[PDB]
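Shown below, as structure tokens, is a lone chain in the form deposited in one PDB entry; questions about how it binds or moves come after it.
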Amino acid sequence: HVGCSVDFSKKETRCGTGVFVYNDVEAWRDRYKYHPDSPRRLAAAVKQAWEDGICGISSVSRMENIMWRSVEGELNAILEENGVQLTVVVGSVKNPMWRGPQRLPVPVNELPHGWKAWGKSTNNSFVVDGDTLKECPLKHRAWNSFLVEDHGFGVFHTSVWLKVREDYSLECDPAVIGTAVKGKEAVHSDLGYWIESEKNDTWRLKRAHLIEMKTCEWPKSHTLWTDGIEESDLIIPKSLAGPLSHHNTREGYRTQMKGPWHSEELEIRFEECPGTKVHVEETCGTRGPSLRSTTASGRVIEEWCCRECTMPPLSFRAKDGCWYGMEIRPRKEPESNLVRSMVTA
């Protein structure tokens, strides 16, 4: 592995060997040419899982949604010639993605009918996602059955090779995770997570970027400073793939069990957002659900207080607006005028 860095403003570069972790979290998920296993085995595995009573797949990450979207027509065409009465359908992914207590098995016996590769060109559904949490409840859906083998970058497009798991496990995919710390900034990276840290006086969560709200547990072998942490202080809860690291804590503040998790993407930024002012006093309100600054009528709270949390304030830059932490409360007006956060970890 060889790579080189460039700083445009100074018009110079440094080249050398090492380990490089990139920011794949931006809008580049699509157009990867996904290959969910050899189609000869995938159909047999799906058939056995279905006939065993395990309906549905709960997407572990938006990459899985994109995959199961792209492979829809190919798998549906394979099924008919394969003689299987099924029709896989997909939909928009929700947030956070809840778990399933089962997984797809290896069928052992691939079927006589099957194409070589994915590049070659009813009323029973293996529903994936979308407005059907009850049709094939979480009580019977599969979850975390993939294990990515390879991820390549071609001359113009990427590729991925995939397979099914042999044993059930709660950890997210480690073959794609990347963690890197250098100097006074550390980053935990993933397919959709970008968590940044810093050292003002002690390690704290500077900012984080999220294009998916998972539920799997961050693998411990790709985490920084795992020991001595209590789950009560994780800015991102352990239950939302939050790292079990002291880099994921903030002084004064504690775990955000109730938060904006119904948004599509989150950028956790710690500073007062437009139209609001903050205060610190012992008599400010108690903790609870996080509340928007922007009211349902568009008016903005001008003065805020915190009971005993340190400034700058806690804020989430969700797409639709600014969300404040659990401790920050209105200074003077009743709290009933705001729409609350309606989730829990």
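All residue numbers are counted from 1 along the displayed sequence. For clarity, a rigid core is taken as the largest C-alpha set superposing within 1.5 Å between two forms.
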Here the number of deposited-sequence residues unresolved in the coordinates between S121 and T122 is 4 to 9
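The discussion below concerns the form deposited in another entry, not included here.
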Shifting its Cα by 2 Å or more between the shown form and the other one with the rigid core aligned, the only one of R41, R29, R317, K47 is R29
**Message:** After core superposition, I'd like to know whether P274 moves between the shown form and the other one (criterion: C-alpha shift of 2 angstroms or more).
**Reply:** no
If you line up the core, does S9 shift 2 angstroms or more at its C-alpha between the shown form and the other one?
-> yes
**Residue shift check between the shown form and the other one, rigid core fit, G252 Cα at least 2 Å** = no
The CA atoms of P39 and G154 move 3 Å or more in that other deposited form, ending up farther
With a difference of at least 3 Å, the CA distance of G154 and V21 in that other deposited form shows the atoms closer
